[PDB]
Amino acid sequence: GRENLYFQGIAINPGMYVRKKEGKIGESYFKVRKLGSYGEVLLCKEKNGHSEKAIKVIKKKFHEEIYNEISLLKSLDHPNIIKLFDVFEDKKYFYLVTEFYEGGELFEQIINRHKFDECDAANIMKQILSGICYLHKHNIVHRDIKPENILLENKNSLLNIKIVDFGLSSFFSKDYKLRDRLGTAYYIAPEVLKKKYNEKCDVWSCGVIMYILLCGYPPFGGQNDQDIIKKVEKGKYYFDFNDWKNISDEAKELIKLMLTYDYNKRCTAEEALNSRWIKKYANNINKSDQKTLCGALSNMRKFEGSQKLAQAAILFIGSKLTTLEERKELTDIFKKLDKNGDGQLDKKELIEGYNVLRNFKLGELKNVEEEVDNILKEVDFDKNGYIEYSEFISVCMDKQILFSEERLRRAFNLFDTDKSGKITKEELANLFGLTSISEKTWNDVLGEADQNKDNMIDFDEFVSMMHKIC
């Protein structure tokens, strides 16, 4: 795919919409309640719009560790991974504005229901492994995968769960081994205790989770870190006959793979996702999904972002302003189209999605491969050759939902950093993280919008531009 390595033009990703806010946090949000706990996590409400956010309040050298977490979080775009919105800073604290999940921790579900049948466990595991697969492909290792760091989007529902808490996470290279001893005793991979490892430590932590879901207790037990660590180091675990006699061979086989002591021979997250057990509980597009599939793929097929200001706006609204409920059905379609569960849609996956849709509805022979190549030119905001979650939401949701006055005003205000009421060439270049943009790039924005010929874009002009795209 060397075509995606050259002559790409301006790339846009959701990380670019996270700005370090110089304003006082208390002027944008108010406290609702304390969610927990380093510092505190608070449920807060936006003074404008009254949307709810989980604000992680981190107490203040160590600013290196916080800036790394911020850079990791900024890059995350996946249905089963926490979304970061904004960052504030004051004298004693850093504030991380994240998406609030009301269903509580997976751990609490474990307390309440003791163990899960295989259907529920597989549903939980496919989501964790999808998140982890996506992390590892984006050169991120989580290092604290455990049920306390998995949250439920909705109360008592396992439909969509979220990986949170990237405080121990790191970027990783294939060319260097990781060395810091970090984790939680039940879940920590033996090679992490030996202080020499790679991303395979997360797979092991997932193998510990799966084991727990299926029987209610950890494979390397004990009641203090010291005892647990001793058992983890040794690496031996057992499927107690009475507790496991009615659990399928496939489940036990996946666990064995995920808990393979040698980390080079341990399966990848991708391989775990391709196991018989995970495949057995597959949730793919069927006739029930035809209406949302049709709306989604019809919108995608028709998508034009026009010039760079409009494209920037669209990805902003889609990636940061749409609610979990608004996204519910599209999130469900995204996951179903994502056959390999890596959290990206590839060309082979989109072709298959369109073929499945055409088969539900028989006309002229279409060249579906060429149609998808063309769709990718328009919808791939970050120019990486794949469709990520937020790109998908942004091009598949109705413009009627995205382009509310309130959302257009929010988009305008994010671009207009000096609050001058006009967006300049330089403000657009700053949004995209570039020293400057070409005269042609800005002139393409202007031609479609600048009604008063001042080489800048005001809110009225912005709104008219955006509605002309509808």
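For every residue, the number given is its place in the sequence shown, counted from 1.
The entry shows a gap from residue 37 to residue 38, with 1 to 3 unmodelled residues of the deposited sequence in between. Coordinates are absent for 10 or more residues of the deposited sequence placed between residue 60 and residue 61. According to the PDB record, 190 to 198 carries the higher mean C-alpha B-factor of the two stretches 190 to 198 and 123 to 131. For the pair 390 to 398 and 284 to 292, the mean Cα B-factor is higher in 284 to 292. Based on the entry's C-alpha B-factors, the most elevated value among 404, 441, 417, 424 belongs to 441. Among 305, 222, 318, 103, the highest C-alpha B-factor recorded in the PDB entry belongs to 305. Residue 457 sits in the highest third of its chain by CA B factor, as recorded in the PDB entry. In the deposited entry, the Cα temperature factor of residue 74 places it in the middle third of its chain's modelled residues. The entry lists a Cα temperature factor for residue 25 that places it in the highest third of the chain's modelled residues. The entry lists a Cα temperature factor for residue 408 that places it in the lowest third of the chain's modelled residues.
Per the PDB record, residue ranking by Cα B-factor puts residue 352 in the middle third of the chain.
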